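The block underneath contains the structure these notes are about, expressed in structure tokens.
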Amino acid sequence: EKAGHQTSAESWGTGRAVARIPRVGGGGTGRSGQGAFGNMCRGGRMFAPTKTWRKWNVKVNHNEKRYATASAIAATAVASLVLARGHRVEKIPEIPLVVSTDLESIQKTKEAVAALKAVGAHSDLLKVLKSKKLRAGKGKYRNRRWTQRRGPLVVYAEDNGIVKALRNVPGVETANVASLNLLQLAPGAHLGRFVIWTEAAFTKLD
Amino acid sequence: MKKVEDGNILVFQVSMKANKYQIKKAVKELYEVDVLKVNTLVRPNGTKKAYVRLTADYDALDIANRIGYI
Amino acid sequence: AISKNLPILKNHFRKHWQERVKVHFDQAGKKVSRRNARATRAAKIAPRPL
Amino acid sequence: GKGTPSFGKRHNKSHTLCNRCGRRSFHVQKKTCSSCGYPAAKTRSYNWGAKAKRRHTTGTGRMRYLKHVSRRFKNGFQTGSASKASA
Amino acid sequence: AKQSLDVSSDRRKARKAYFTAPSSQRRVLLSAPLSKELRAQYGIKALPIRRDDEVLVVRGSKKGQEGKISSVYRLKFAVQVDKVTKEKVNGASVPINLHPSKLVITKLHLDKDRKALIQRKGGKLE
Amino acid sequence: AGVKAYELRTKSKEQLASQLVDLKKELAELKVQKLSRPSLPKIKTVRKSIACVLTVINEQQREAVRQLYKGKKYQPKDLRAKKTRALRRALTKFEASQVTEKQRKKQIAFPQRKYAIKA
Amino acid sequence: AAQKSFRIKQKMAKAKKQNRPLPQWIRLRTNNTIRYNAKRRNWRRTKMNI
RNA sequence: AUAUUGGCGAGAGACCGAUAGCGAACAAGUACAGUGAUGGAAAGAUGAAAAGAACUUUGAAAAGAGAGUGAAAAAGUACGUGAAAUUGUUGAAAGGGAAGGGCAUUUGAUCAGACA
RNA sequence: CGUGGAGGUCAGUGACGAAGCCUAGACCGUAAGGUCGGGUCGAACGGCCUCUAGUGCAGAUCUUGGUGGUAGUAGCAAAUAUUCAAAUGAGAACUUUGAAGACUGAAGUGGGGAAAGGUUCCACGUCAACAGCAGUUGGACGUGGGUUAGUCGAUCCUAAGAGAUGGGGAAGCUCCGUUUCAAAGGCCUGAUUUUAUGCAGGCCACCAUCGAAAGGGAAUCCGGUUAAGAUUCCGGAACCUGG
RNA sequence: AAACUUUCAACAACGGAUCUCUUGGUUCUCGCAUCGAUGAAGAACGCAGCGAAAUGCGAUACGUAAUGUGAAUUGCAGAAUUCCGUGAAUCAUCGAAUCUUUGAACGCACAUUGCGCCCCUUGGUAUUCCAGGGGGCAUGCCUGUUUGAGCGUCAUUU
Ligand SMILES: [Mg+2]
Ligand SMILES: [Mg+2]
Ligand SMILES: [Mg+2]
Ligand SMILES: [Mg+2]
Ligand SMILES: [Mg+2]
Ligand SMILES: [Mg+2]
Ligand SMILES: [Mg+2]
Ligand SMILES: [Mg+2]
Ligand SMILES: [Mg+2]
Ligand SMILES: [Mg+2]
Ligand SMILES: [Mg+2]
Ligand SMILES: [Mg+2]
Ligand SMILES: [Mg+2]
Ligand SMILES: [Mg+2]
Ligand SMILES: [Mg+2]
Ligand SMILES: [Mg+2]
Ligand SMILES: [Mg+2]
Ligand SMILES: [Mg+2]
Ligand SMILES: [Mg+2]
Ligand SMILES: [Mg+2]
Ligand SMILES: [Mg+2]
Ligand SMILES: [Mg+2]
Ligand SMILES: [Mg+2]
Ligand SMILES: [Mg+2]
Ligand SMILES: [Mg+2]
Ligand SMILES: [Mg+2]
Ligand SMILES: [Mg+2]
Ligand SMILES: [Mg+2]
Ligand SMILES: [Mg+2]
Ligand SMILES: [Mg+2]
Ligand SMILES: [Mg+2]
Ligand SMILES: [Mg+2]
Ligand SMILES: [Mg+2]
Ligand SMILES: [Mg+2]
Ligand SMILES: [Mg+2]
Ligand SMILES: [Mg+2]
Ligand SMILES: [Mg+2]
Ligand SMILES: [Mg+2]
Ligand SMILES: [Mg+2]
Ligand SMILES: [Mg+2]
Ligand SMILES: [Mg+2]
Ligand SMILES: [Mg+2]
Ligand SMILES: [Mg+2]
Ligand SMILES: [Mg+2]
Ligand SMILES: [Mg+2]
Ligand SMILES: [Mg+2]
Ligand SMILES: [Mg+2]
Ligand SMILES: [Mg+2]
Ligand SMILES: [Mg+2]
Ligand SMILES: [Mg+2]
Ligand SMILES: [Mg+2]
Ligand SMILES: [Mg+2]
Ligand SMILES: [Mg+2]
Ligand SMILES: [Mg+2]
Ligand SMILES: [Mg+2]
Ligand SMILES: [Mg+2]
Ligand SMILES: [Mg+2]
Ligand SMILES: [Mg+2]
Ligand SMILES: [Mg+2]
Ligand SMILES: [Mg+2]
Ligand SMILES: [Mg+2]
Ligand SMILES: [Mg+2]
Ligand SMILES: [Mg+2]
Ligand SMILES: [Mg+2]
Ligand SMILES: [Mg+2]
Ligand SMILES: [Mg+2]
Ligand SMILES: [Mg+2]
Ligand SMILES: [Mg+2]
Ligand SMILES: [Mg+2]
Ligand SMILES: [Mg+2]
Ligand SMILES: [Mg+2]
Ligand SMILES: [Mg+2]
Ligand SMILES: [Mg+2]
Ligand SMILES: [Mg+2]
Ligand SMILES: [Mg+2]
Ligand SMILES: [Mg+2]
Ligand SMILES: [Mg+2]
Ligand SMILES: [Mg+2]
Ligand SMILES: [Mg+2]
Ligand SMILES: [Mg+2]
Ligand SMILES: [Mg+2]
Ligand SMILES: [Mg+2]
Ligand SMILES: [Mg+2]
Ligand SMILES: [Mg+2]
Ligand SMILES: [Mg+2]
Ligand SMILES: [Mg+2]
Ligand SMILES: [Mg+2]
Ligand SMILES: [Mg+2]
Ligand SMILES: [Mg+2]
Ligand SMILES: [Mg+2]
Ligand SMILES: [Mg+2]
Ligand SMILES: [Mg+2]
Ligand SMILES: [Mg+2]
Ligand SMILES: [Mg+2]
Ligand SMILES: [Mg+2]
Ligand SMILES: [Mg+2]
Ligand SMILES: [Mg+2]
Ligand SMILES: [Mg+2]
Ligand SMILES: [Mg+2]
Ligand SMILES: [Mg+2]
Ligand SMILES: [Mg+2]
Ligand SMILES: [Zn+2]
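Protein chains in written order, with the entry's author numbering: chain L4, 54 to 259; chain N5, 73 to 142; chain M3, 2 to 51; chain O7, 2 to 88; chain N6, 2 to 127; chain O5, 2 to 120; chain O9, 2 to 51.
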């Protein structure tokens, strides 16, 4: 907020054949004479300099926020939607996909990947991994270099190992049923995540 | 090198902090030599030059190469 | 500077108000600190309650 | 003749060098420095002159001593010696 | 994923700490993995390169060449080998700067300390 | 080459002083040589050696004095701890811990009790 | 000027010493980006202000 | 428990991207102006690597022409790309006191599609 | 319609060439624009649904930078003036030397200094920039050398003035006062012959200090010498001050 | 018909947009409490084998000591004993020193490298004159020590 204004430039007023923006005074340096302050000036202040007291966060009615997360859960059955979303589930048994409560006790990554596969997550796991591209923007040097798709979201009732076993496989995400989160249920505001539920989890639901 | 050959005189770059006294004693000590008088001056790079005349008993040229330079 | 059928407003922004804007971006942060403090203090205070 | 012939006579100094800040702001007839204020115990500075301060505050120089205080702080102001070991 | 609060994934901080790393720091980044054979031999994967180890280029245009490391040009982040050089046009000869991550070590020059290192890293030595 | 302190510290008081006078002739000579020559880096290792000796000559004189002032009011201010000017004038642990006779009786009589809730 | 305080003579000395071309060997240094001495001063073109 | 555009250490961003962002991504509060208080810039990018062009030839030299290096000199310390204004050369065309524009067709040049 | 960034997606494009830039070549749209070929190029980038804004230029005597026509144009005309030949050099209207013609005319275009500059002095080398033609020359450029004091100046003294101090004002930065309603200091020796300086006379009460390279003021001259220093060095001959 | 002007294109100029880059900037958040008469912040001048700067340092001067590491530094020259080691290093750490001239800045001054006094010591035939070496001398205020001032004032002499 001090930028553009670190000068003592006055306008020269009229009668010197020259526009009336403020000008850096003094001499001997090339900066002096130059247009000051104004938003069209090289090194001027910008127009309506951005302030931090801009609204950043947004308030949503709790119930309305539930309505959303519910809908999004409802929609993770409904295989068309799940399919529409990316999510390679052409060849999983049934939907909702519920898997043995034993899943939550897996400590070993390689074991966790093995499980997800047997249950049918293999083409989705392959679709992440198969999709790592460089972020196209300038984003790729503001701590966002790579890009990729979203894997399945493994929901559980109790973390007896599964969050760390799974925490390193590309695109796979975990949640506890008690929480359960719209940003993951409908990534990008597109309904239809591929949830793989444990039994424990599936029945905590009610 | 000429004042040495012709004038029986040793030129030293000398401490800026030193005076004719301290220059004279220092030559006398560090060289056996006896000093007749000491002229000094500040060079134009801020360093001092001492024109040291030895008494007639010493050959400054002789000193010069028994100190090393030449 | 008066027109339409609007309610008469009283927005007090005639001092250099921008110099005194407190935004609570540290809401999140203080809460944690506030938590770590109590965890620190429960610990210090041996079995006593807080 | 108020312009260039008068400039012809500019050959006397209003200010020399200032012992304390080294600056050719030492007003000879006034014996004080338009910049740093010497010989006032305090240093000249004003809050309307921010660049001016920025141009001179702690940090713009060597910090021959202050440099080291937060090393020294970091180690709780140790005295004594470091000992020894292997490798 | 990083999990600590005293490590940073920040690209800018990363690149700074690389390029402005002191000599002592560069000794470690300038590591080379051991040859398949040495790795059984001392039971140990890689090591900070040093000025008389024996080495095989296994990447790049000099892939296949070998020699004795003749400098660690820590300043240039690069290791020179007596035996892998550029013949110039005036028939002067000039070192190629090679990267130790693109070498493999074939005989460690050994020290009281070298062994002590190899030991410290859970390895064994013949 | 270049002299090493831990060896100088075994040498005697006036071995060190004489060491010094040698190194200075050494330097003096080198300086004459330097200006008859394209370069003369030996000079460096001689003048870091004069450093080292002075360092170590001054090292011993200092712990001479430091020790014979050890454990009395008043020692030269440049052997007193340095710390920080404020620190240096903070109250001592003693002065700070200091407590009113009345205050003590109370501390003793009604101290902060350890206790727990349950039953 | 021409009969001077030592303080002035000294500054003048330092000015002389500062008044030489870029020592060329620096150009050969690894990463060197200095091509020429960019603080050169000339008695005719620019005054010392003492 | 509160404060904090300073200081020491840290982790960050739907922030800026070299006329932007701090004035300063660089020997920047520098170079430079001013008696002084103060004012205060411009300026980043060869290549993976200098491999920075041995040698020959024309020249007083700078250089040119060959050669050479290189993945490339349509990268040669004037150096990534290299727009525009504006300029040279080549080619084509028009022009009786501006030029440029609209509808339309001759003429020249140029080009698509589609037959089966 | 288009742009910078963001969530999702197409497991989208790409070193077998991304992006960008060129292109009186092609195609779609009424249009904002979109698509392709070819050339150039070198590391990245796009389509769709959504999110977001420092989001679209011809103008503001707009900002910064770059570029034209003007134009090889105005002009380079004050201060009397130039000329022959040699030498050097790639190159000579311009450098060097010889010759000649002039000028300044001691109120100087002479010989020195003060302020100010600060190495410009001198030597060697030397022409890319600079010296509004030139350049082999230079107060330029590169490399070095050079400033010698008992007597010359500063230094000491006081001038107008300035300015600490006991003080008195003032919220305070500080203002006033300068010998000012101040307990304001140091000299000659004697006493010492434990011993080095305490006391024994007595005077003197003057109250800081800074302020002149033209004012006041202790004392050096002639000859010779250097590429460049000289009342400074060498030589001879003196003089002042203190001891 | 040239030349000239003008349009378009190729190649070459001028210029430095554009695209891609980024050890910088900006804003947020977390942790922490440390300048100075024990001379600070700041200034000036110096210091390298070969540096003008930037960075660093102070006549011990791009550094001395200590400690950790365990072999560089590098533009060139160099040491060379320094590589199974009280040991490389323009390394890291840093506890110990050096720290010119200065600055609140303190013997007095200061457009002056200007001018005193005191102590110890050294040289000159020297308590006193001169020279070298080391160590000292500001101000307000507090506690205290010592020497004193005042018919302010108490007592005790004979
Ligand atoms: Mg503002
Ligand atoms: Mg105009
Ligand atoms: Mg700006
Ligand atoms: Mg882009
Ligand atoms: Mg993508
Ligand atoms: Mg003779
Ligand atoms: Mg003299
Ligand atoms: Mg109306
Ligand atoms: Mg309000
Ligand atoms: Mg108002
Ligand atoms: Mg805040
Ligand atoms: Mg509570
Ligand atoms: Mg006027
Ligand atoms: Mg003027
Ligand atoms: Mg005046
Ligand atoms: Mg005043
Ligand atoms: Mg003062
Ligand atoms: Mg300051
Ligand atoms: Mg390791
Ligand atoms: Mg490399
Ligand atoms: Mg060493
Ligand atoms: Mg103390
Ligand atoms: Mg001038
Ligand atoms: Mg902050
Ligand atoms: Mg964070
Ligand atoms: Mg860009
Ligand atoms: Mg900028
Ligand atoms: Mg922008
Ligand atoms: Mg700027
Ligand atoms: Mg940069
Ligand atoms: Mg400039
Ligand atoms: Mg580039
Ligand atoms: Mg560029
Ligand atoms: Mg490069
Ligand atoms: Mg060529
Ligand atoms: Mg290729
Ligand atoms: Mg190419
Ligand atoms: Mg091109
Ligand atoms: Mg190229
Ligand atoms: Mg070249
Ligand atoms: Mg280019
Ligand atoms: Mg045509
Ligand atoms: Mg037409
Ligand atoms: Mg037509
Ligand atoms: Mg749109
Ligand atoms: Mg958009
Ligand atoms: Mg933006
Ligand atoms: Mg076109
Ligand atoms: Mg087409
Ligand atoms: Mg192509
Ligand atoms: Mg392309
Ligand atoms: Mg590239
Ligand atoms: Mg949208
Ligand atoms: Mg805008
Ligand atoms: Mg428009
Ligand atoms: Mg425009
Ligand atoms: Mg315009
Ligand atoms: Mg213009
Ligand atoms: Mg012409
Ligand atoms: Mg003409
Ligand atoms: Mg005219
Ligand atoms: Mg004339
Ligand atoms: Mg002529
Ligand atoms: Mg002539
Ligand atoms: Mg005549
Ligand atoms: Mg006449
Ligand atoms: Mg006359
Ligand atoms: Mg003349
Ligand atoms: Mg003269
Ligand atoms: Mg001058
Ligand atoms: Mg000359
Ligand atoms: Mg020329
Ligand atoms: Mg000139
Ligand atoms: Mg000319
Ligand atoms: Mg010319
Ligand atoms: Mg010169
Ligand atoms: Mg010179
Ligand atoms: Mg005199
Ligand atoms: Mg004097
Ligand atoms: Mg006063
Ligand atoms: Mg005086
Ligand atoms: Mg006088
Ligand atoms: Mg006089
Ligand atoms: Mg004479
Ligand atoms: Mg001479
Ligand atoms: Mg002369
Ligand atoms: Mg004489
Ligand atoms: Mg005589
Ligand atoms: Mg006498
Ligand atoms: Mg790159
Ligand atoms: Mg940042
Ligand atoms: Mg945080
Ligand atoms: Mg350096
Ligand atoms: Mg070195
Ligand atoms: Mg050790
Ligand atoms: Mg270091
Ligand atoms: Mg010292
Ligand atoms: Mg003083
Ligand atoms: Mg002094
Ligand atoms: Mg008292
Ligand atoms: Mg008493
Ligand atoms: Zn000042």
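Idealized CB from N, CA, C, for every residue including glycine.
Kindly examine ligand 9 and report whether one of its heavy atoms sits closer than 6 Å to the Cβ of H13 (chain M3). yes
Less than 7 Å between C-beta atoms, sequence neighbours within five positions excluded: which residues of the same chain meet that for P40 (chain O7)? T33
How would you call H58 (chain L4), buried or exposed, if buried means at least 16 neighbouring beta carbons within 10 angstroms? exposed
Excluding the 5 residues preceding and the 5 following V100 (chain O5) in the sequence, name in chain order all residues of the same chain whose CB lies nearer than 7 Å to its CB. none
Among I109 (chain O5), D23 (chain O5), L17 (chain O5), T46 (chain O5), nearest to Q61 (chain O5) - alpha-carbon criterion: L17 (chain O5)
For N196 (chain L4), the nearest candidate out of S5 (chain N6), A15 (chain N6), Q4 (chain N6), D7 (chain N6) (CA to CA): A15 (chain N6)
By how many angstroms is the C-alpha of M88 (chain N5) removed from the C-alpha of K10 (chain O9)? 13 Å
Have a look at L23 (chain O9) and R41 (chain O9) and give me their C-alpha separation to the nearest angstrom. 9 Å
Residues of the stretch 18-39 of chain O5 in Cβ contact with chain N5 at a cutoff of 8 Å, in chain order, please. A29, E30, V33, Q34, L36, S37
Could you name the residues of chain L4 that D11 (chain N6) contacts, counting a contact when the two beta carbons are closer than 8 Å? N196
Starting from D212 (chain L4), trace the beta strand (DSSP E) both ways and give me its first and last residue. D212 (chain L4) -> no beta strand (DSSP E), and no H or E assigned at all.
Is it the case that the stretch 85-105 of chain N5 contacts the stretch 159-166 of chain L4, given that we only count it when at least three CB pairs across the two stretches are under 8 Å? no
What does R49 (chain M3) touch in chain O5 if you count any residue whose Cβ is under 8 Å from its own? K115, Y116, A117
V76 (chain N5) vs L126 (chain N5) beta-carbon contact at 7 Å: no
Minimum C-alpha distance to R27 (chain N6) - residue among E127 (chain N6), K3 (chain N6), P101 (chain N6), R121 (chain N6): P101 (chain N6)
Measure from the alpha carbon of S13 (chain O5) to the alpha carbon of each residue in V54 (chain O5), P42 (chain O5), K26 (chain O5), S37 (chain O5), then state which is nearest. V54 (chain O5)
Using the Cβ count rule (16 or more neighbours within 10 Å means buried), how would you classify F74 (chain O7)? exposed
Which word fits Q68 (chain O5), buried or exposed, when buried means at least 16 other C-beta atoms lie within 10 angstroms of its C-beta? exposed
Cβ separation of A47 (chain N6) and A33 (chain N6), assumed to be a contact under 8 Å, to the nearest whole Å: 6 Å
Given this structure, state the Cα-to-Cα distance separating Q79 (chain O7) from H69 (chain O7), to the nearest angstrom. 13 Å
Does the beta-carbon of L92 (chain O5) have 16 or more other beta-carbons within 10 angstroms, so that it is buried, or is it exposed? exposed
Give me the chain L4 residues within the contact set of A2 (chain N6), using Cβ-Cβ distance strictly less than 8 Å, ordered along the chain. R220, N221
Neighbour flag for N50 (chain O9) against chain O7, beta carbons, 7 Å: yes
8 Å contact criterion, which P205 (chain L4) and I249 (chain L4) should meet: CB distance rounded: 5 Å
Where does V124 (chain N5) land, buried or exposed, given buried means 16+ other C-beta within 10 angstroms? buried
Of the choices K100 (chain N5), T119 (chain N5), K96 (chain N5), whose alpha-carbon is the least far from that of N111 (chain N5)? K96 (chain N5)
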